[PDB]
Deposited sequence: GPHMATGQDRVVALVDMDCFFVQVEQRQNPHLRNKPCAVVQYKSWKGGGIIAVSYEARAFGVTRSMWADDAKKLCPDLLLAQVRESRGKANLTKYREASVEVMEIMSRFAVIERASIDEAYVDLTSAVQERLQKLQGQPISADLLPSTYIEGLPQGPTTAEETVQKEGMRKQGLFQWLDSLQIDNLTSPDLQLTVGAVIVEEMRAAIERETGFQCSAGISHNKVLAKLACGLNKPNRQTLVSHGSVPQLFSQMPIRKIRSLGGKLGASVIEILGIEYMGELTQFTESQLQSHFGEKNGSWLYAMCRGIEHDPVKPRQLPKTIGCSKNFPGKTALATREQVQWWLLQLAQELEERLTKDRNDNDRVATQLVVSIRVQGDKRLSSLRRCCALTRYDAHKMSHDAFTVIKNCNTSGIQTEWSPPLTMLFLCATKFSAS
């Protein structure tokens, strides 16, 4: 009871840009705004592969991973924007630069953890204490939360969406103890006020809309973020967790959407996150290991301790290209030419990174996949990265992989290569 930790110490938000690459293209080209549209890589094979989809297009069933030709069968008026190609490969620079715009705005409110190109966690605990002491016990007006949903509300004893949002928010605010500066629910609420301000700043200063989740930890904030997209934010309180998890498929929780989640379902004979509460911590550890077991035991009760890392920049800078089917690289000239193309993009990005961020990478990781290998990476080898020179990097990568050539003929490459990947790692301040 009084010593049962409840995981309510922190206020954590997850901010995620709505259909990010689409918004980047819609900002640049107003003709794409408020339209079914998608962003594609390449074009020759089945119209290119879709990697981002506007919400208008999602209404037609268009999704990520779809080929554009198939998407056009669902949505004949779908508009398409193509990712830039440079040196023979997709080049994602426009979206990385747009991401930096957003991350820099978020960093004005709190230290952030860059979790992806379009999302960041925020630890708002200190900012919340600040704003609470500024409020002087003054209640929080619904006007300060104009895009906020309170998960689980309204409940208890009109048929529009905005109306239900306002009803739930009213019930939430009516329940609040705005005189207790240590009340977790109040702290979350103030956190949501701050996130409204952050999201308003992002849209004002970039044109981009985003969604967000506000809760007591990263997993709940991420889950919350997904509940009311697009262009809305959602507060998931500690108290909302039993009902929310009672019908939550295990796979919806970050890190459980793959083999581990499938094993939780199969071994324990359960379907929903809430069903995990009936197992002891030692039972879960016995099935899933010490770390996973302890994490599951806490997470199904709404408790997770993973910190928001102070890290706004990516830890690695990488360049990769698949060579599927009959485009696989089968000669030395071919392998060397593509290693050079990748290395030239890497050099350009690394040199910009060194100028912007006062650091240098010291390790080059070279990854390949050979034809017929089921795995995504067939071989991974490191070497020293001592100079930002593409010709040196591509020569070193070749030197590191050259013995994977089974061909006695040195001019040919067998088995042909179906992927090349160069990654710069182990940054040091400079």
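Missing from the model, relative to the deposited sequence, is only the stretch 158 to 162.
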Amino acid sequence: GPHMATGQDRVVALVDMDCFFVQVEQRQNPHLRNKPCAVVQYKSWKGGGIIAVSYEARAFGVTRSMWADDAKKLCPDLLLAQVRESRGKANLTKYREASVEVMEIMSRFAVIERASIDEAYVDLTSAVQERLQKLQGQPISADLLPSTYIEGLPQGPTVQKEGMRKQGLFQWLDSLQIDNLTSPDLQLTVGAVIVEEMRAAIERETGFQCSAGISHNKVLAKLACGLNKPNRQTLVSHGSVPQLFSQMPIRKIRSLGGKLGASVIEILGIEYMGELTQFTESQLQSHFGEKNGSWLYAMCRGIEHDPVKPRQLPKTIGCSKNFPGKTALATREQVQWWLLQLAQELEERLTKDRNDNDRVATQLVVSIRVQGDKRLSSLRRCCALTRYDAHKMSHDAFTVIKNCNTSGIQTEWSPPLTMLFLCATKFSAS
From here on, numbers count along this sequence of modelled residues.
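Only the largest set of C-alpha atoms that superpose within 1.5 Å between the two forms is called the rigid core.
Greater C-alpha displacement in 8 other deposited structures of this protein (rigid core superposition, RMS over structures and residues), of 252 to 260 versus 172 to 180: 172 to 180. Of 181 to 189 and 218 to 226, the stretch whose C-alpha atoms sit farther from the shown form in 8 other deposited structures of this protein, after fitting on the rigid core, is 181 to 189.
As the entry records it, the average C-alpha temperature factor is higher for 326 to 334, out of 345 to 353 and 326 to 334. In this entry, 158 to 166 has the higher mean Cα B-factor, the comparison being between 158 to 166 and 78 to 86. As recorded in the entry, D143 carries the highest CA temperature factor of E304, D143, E275, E203.
Based on the entry's C-alpha B-factors, the most elevated value among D185, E281, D179, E271 belongs to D179. Among all modelled residues in this chain, the alpha-carbon of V111 has a temperature factor (C-alpha) in the highest third. Per the PDB record, residue ranking by Cα B-factor puts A361 in the middle third of the chain.
Split the chain's modelled residues into thirds by C-alpha temperature factor. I409 is in the highest one. Per-chain ranking of the deposited C-alpha B factor places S378 in the highest third. Looking at the C-alpha B-factors along this chain, the one for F60 belongs to the middle third.
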